[PDB]
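Taken together, the values in this text are just the output of simple stated rules run on the coordinates, not laboratory data. Counting neighbours? That spans all protein chains shown, and the Cβs are built from the backbone with ideal geometry, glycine included.
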Amino acid sequence: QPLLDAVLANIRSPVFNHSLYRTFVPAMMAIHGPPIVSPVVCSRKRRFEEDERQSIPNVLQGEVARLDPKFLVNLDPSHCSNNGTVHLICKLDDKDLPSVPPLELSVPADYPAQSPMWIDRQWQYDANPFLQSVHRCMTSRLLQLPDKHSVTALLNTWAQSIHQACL
Amino acid sequence: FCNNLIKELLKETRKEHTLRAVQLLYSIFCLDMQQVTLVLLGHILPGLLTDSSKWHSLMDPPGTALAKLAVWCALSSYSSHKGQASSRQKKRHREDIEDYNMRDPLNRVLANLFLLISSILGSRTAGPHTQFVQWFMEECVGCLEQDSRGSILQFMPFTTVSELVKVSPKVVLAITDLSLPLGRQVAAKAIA
Amino acid sequence: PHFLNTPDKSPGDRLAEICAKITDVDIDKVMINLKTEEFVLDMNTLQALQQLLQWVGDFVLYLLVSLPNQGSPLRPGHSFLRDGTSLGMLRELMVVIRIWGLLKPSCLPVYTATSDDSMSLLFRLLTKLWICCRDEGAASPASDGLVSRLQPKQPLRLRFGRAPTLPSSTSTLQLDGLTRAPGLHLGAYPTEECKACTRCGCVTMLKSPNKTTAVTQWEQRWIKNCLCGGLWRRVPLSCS
Amino acid sequence: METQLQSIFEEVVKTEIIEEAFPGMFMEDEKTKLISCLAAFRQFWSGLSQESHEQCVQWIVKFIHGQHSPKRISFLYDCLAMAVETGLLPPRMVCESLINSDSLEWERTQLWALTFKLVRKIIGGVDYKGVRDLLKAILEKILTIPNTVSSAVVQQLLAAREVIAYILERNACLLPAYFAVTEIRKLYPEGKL
């Protein structure tokens, strides 16, 4: 019903938003008397210094912290520092049979991709027939993985293919 | 002097002319080569790899022979060449700590050069200075050289050689700093 | 200097100066005692109402209510009111704005309520202390009783244009190289600035364009330094 | 027509389905099924107005950069390269269709690397003197990049320099180099750094 104040606020185009002060605050401070509605001091520096500057994007850090201790990830030659951010050089040190460490180079944390790249595979897989079967199984599983993810999905599929294709 | 000369040099855009001009520039430096090259390195090279303007400047293929001149004058400076030109004898009177082998001016000069070489190899920012130090390492192919001498006193650059692996027989040669035990160890490291 | 009068026997400056030697009270009589015609200068006189009239009214009203505050936590309290000459200038201002209200109805209200105008008794008590504050005179007790009580026309929250302190001789300084930690004359002092708000030396911090139409006298007057206002800063519009 | 063909190809290619992906015992098709899909696609488009096939070729790229699936992108690139090797799917058309409209400079660096490896493998693409034109577009993608991107994508993005160096070096046996010069003239007006 009181659209008059609405059309008046619409009229309030000029920059001098101080006439409303003299218009309203006299009666407001008269009938309401909280001159200090917040006498608590408020002086904090918003941005002094806050940055990691000493590691990779911590997203993959928090991800890899969840994985099973049977996966041992290390650091490769420095080519995945910030943008690529991942050189998944992992060892499956556990009670199961060991194998060749995967590469699994994923992309920036935006994740418009996954990890499996398999650079050093060309000679690591075709040499051993059993490892060749392992690679075949791992490829067939990865192709059936809809939009696999950085560390969890890739490493899980790799381990399950390695310990399923034993036969 | 060197600042104007280099600034006017960064417009050739014709690699033949660039090589010609840089060879002549090394030529003119004589009779003052030591101090001239020292100041040139210590003043341009830090700025030449730290400012975006200097980045875009050295971003040209002509910039390839800059490090060629650098290593060419560095060895001549490290050599026991007096070059006491009486025309410049009275002028050679300075005093500078250089903001740091031995406690020798050219020594800590080359040391700061090594430090800047390592810093330009720093990750998280792949600028044209990365390609610059890449060309520099490529031009380090020489004999009786002093580039990254790797002396047993405090020579750190050898560790940065590992970062050069991110960029090979050239690695095998550059890692061969002083045939030291730790030198052999880092050579083996680079070998893999 | 706004006296754009018709040519008369004397100048408006000396006439307004001698206006101090006037009757005791009832400025409505003083105006007819001196003159009332040759004071209009513009039909668009609506410039001091939103900017100066409320300001001078608040100043004089604080000067009023300051009298009962004799036992303040200060030997002179908040102010002195022992000059009279400045009060004479204030009386010239109030009588000329009375003439303005007679001409332009955009006069200075009492700003609260009950104008039953109301500046009459105000001017009366100002003159009552004036005879106590003209020259070689002491301050009076009847005026105390006259000012003590307050009407339904007494607001508060005056600007009191001053500068923030800097008492770091050898005692204390809470600052760094950057990151100032937070803790006006023509009005334009909202809760949070939403315009240019050109910072200044002490208190001004006035807007740069000021959205003016004919008040350019003030803007053209404060382009250079100001009184304790040479410290024209560019404090950002970090409104919060 | 083309829309129904793309729908059929997507329904055939998208064989990945995580149905009860729990670690259960629910029980190299990447080569035989790939050839089967290639043969089905060739038999479909063989009688589907091949005159506009090149347009549909670009439509193929619509599905190329759809999924992220880097292993699947590599597999798709390999099988389409093999299908080109069967005489069908002329190489110039498919490379021209794949290079543009999906470049995504640094947006898909993995897709960039795989696409450049593919075009390097299919860099044969024997045709008339109107081949170096594609090189122009390549340089365009190198132009939309300042050399201050990231220390990680250096050798990854180096595939461009690798493929261009291969092209210009094998120009002694690949294509006349003076045409390459008159093509790269579109980048520099006789000296432009």
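Observations on the structure shown:
- Residue match in region B:63-75 (condition: over 17 Å from the mean Cα position of the chain (by Cα) and surrounded by 14 or more Cβ atoms within 10 Å (Cβ to Cβ)): no
- Selected residue (criterion: farthest from the other protein chains (Cβ to nearest Cβ)) from residues of region A:114-145 that are within 24 Å of A:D76 (Cβ to Cβ) and of a type in the set (A, V, I, L, M): A:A127
- Among the residues listed as B:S148, B:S162, the single one being closer than 17 Å to D:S151 by Cα and away from chain D (no Cβ under 14 Å): B:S162
- Count of region D:183-192 residues which are more than 16 Å from D:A137 (Cβ to Cβ) and within 24 Å of the chain's Cα centre (by Cα): 0
- Residue among D:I73, D:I18, D:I60, D:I35 that alone is within 27 Å of A:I162 (Cα to Cα), away from every other protein chain (no Cβ under 14 Å) and not charged (D, E, K, R): D:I35
- Answer from D:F75, D:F44 - the residue that is part of a helix (DSSP H, G or I) and surrounded by 15 or more Cβ atoms within 10 Å (Cβ to Cβ): D:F75
- Complete set of residues in region A:118-137 that are assigned to a loop (DSSP other than H, G, I, E, B) and farther than 22 Å from A:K70 by Cα: A:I119, A:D120, A:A127, A:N128
- Residue among C:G145, C:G177, C:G183, C:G187 that alone is surrounded by fewer than 10 Cβ atoms within 10 Å (Cβ to Cβ) and facing chain A (nearest Cβ under 9 Å): C:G183
- Counting residues in region D:170-182 that are assigned to a helix (DSSP H, G or I), aromatic (F, W, Y) and within 20 Å of the chain's Cα centre (by Cα) gives zero.
- Qualifying residue in region C:81-103 (condition: surrounded by 14 or more Cβ atoms within 10 Å (Cβ to Cβ), over 25 Å from C:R14 (Cβ atoms) and of a type in the set (A, V, I, L, M, F, W, C)): yes
- Note on region D:1-16: residues that are part of a loop (DSSP other than H, G, I, E, B) and either surrounded by 10 or more Cβ atoms within 10 Å (Cβ to Cβ) or in contact with an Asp or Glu (Cβ under 8 Å, 6 or more places away or on another chain) (or both) amount to 3.
- D:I99, sole failed condition from (1) within 25 Å of A:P116 (Cβ to Cβ); (2) out of contact with any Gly (no Cβ under 8 Å at 6 or more places or on another chain); (3) within 14 Å of chain A (Cβ to nearest Cβ); (4) not charged (D, E, K, R): (3)
- Residues of region D:47-69 that turn out to be within 14 Å of the chain's Cα centre (by Cα), more than 19 Å from D:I122 (Cα to Cα) and buried (at least 19 other Cβ atoms within 10 Å of the Cβ), as a count: 0
- Yes/no for B:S123 being buried (at least 16 other Cβ atoms within 10 Å of the Cβ), of a type in the set (S, T, Y), within 14 Å of another protein chain (Cβ to nearest Cβ) and not in a helix (DSSP H, G or I): yes
- Criterion (charged (D, E, K, R) and within 13 Å of another protein chain (Cβ to nearest Cβ)) met by exactly one of D:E85, D:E30, D:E2: D:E30
- Looking at B:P105, B:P62, just one residue is within 14 Å of another protein chain (Cβ to nearest Cβ) and of a type outside the set (S, T, Y), and that residue is B:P62.
- Only a single criterion out of (1) farther than 17 Å from A:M117 by Cβ; (2) surrounded by 13 or more Cβ atoms within 10 Å (Cβ to Cβ); (3) not aliphatic (A, V, I, L, M) is not satisfied by A:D51, namely (2).
- Which numbered condition B:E163 fails, given (1) under 13 Å from the mean Cα position of the chain (by Cα); (2) assigned to a helix (DSSP H, G or I); (3) not polar (S, T, N, Q): (1)
- Conditions (1) out of contact with any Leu (no Cβ under 6 Å at 6 or more places or on another chain); (2) away from chain A (no Cβ under 14 Å); number of the one not met by D:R42: (1)
- Where B:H17 falls short, out of the listed (1) surrounded by 19 or more Cβ atoms within 10 Å (Cβ to Cβ); (2) part of a helix (DSSP H, G or I); (3) within 14 Å of chain D (Cβ to nearest Cβ): (1)
- Taken as a whole, region C:136-146 holds at least one residue that is farther than 19 Å from A:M28 by Cα, touching a helix residue (DSSP H, G or I) at 6+ places or on another chain (Cβ under 7 Å) and outside any loop (DSSP other than H, G, I, E, B).
- Looking across region C:60-86, just one residue is of a type outside the set (V, I, T), in contact with a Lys or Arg (Cβ under 9 Å, 6 or more places away or on another chain) and not in a loop (DSSP other than H, G, I, E, B), and that is C:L61.
- Taken over region C:149-174, the criterion of being surrounded by 11 or more Cβ atoms within 10 Å (Cβ to Cβ) and among the small types (G, A, S) is satisfied by C:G161, C:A163.
- Selection count, region D:139-159, where residues are away from every other protein chain (no Cβ under 14 Å) and either within 23 Å of B:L49 (Cα to Cα) or of a type outside the set (D, E) (or both): 3
- Qualifying position, being part of a helix (DSSP H, G or I) and either under 27 Å from A:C80 (Cα atoms) or among the β-branched types (V, I, T) (or both), among D:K117, D:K62, D:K136: D:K117
- Residue within region A:63-77 that is basic (K, R) and farther than 27 Å from D:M27 by Cα present: yes
- Test: residue in region D:21-32 that is under 30 Å from A:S106 (Cβ atoms), of a type in the set (A, V, I, L, M, F, W, C) and either buried (at least 17 other Cβ atoms within 10 Å of the Cβ) or touching a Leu at 6+ places or on another chain (Cβ under 6 Å) (or both): no
- In region C:198-226, residue farthest from the other protein chains (Cβ to nearest Cβ) [restricted to those that are within 16 Å of C:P164 (Cβ to Cβ) and in a loop (DSSP other than H, G, I, E, B)]: C:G201
- Being more than 30 Å from A:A109 (Cα to Cα) and either within 11 Å of another protein chain (Cβ to nearest Cβ) or over 23 Å from the mean Cα position of the chain (by Cα) (or both) holds for only one residue in A:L92, A:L4, and it is A:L4.
- Options B:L24, B:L75: the member that is of a type in the set (A, V, I, L, M), assigned to a helix (DSSP H, G or I) and over 21 Å from B:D147 (Cβ atoms): B:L24
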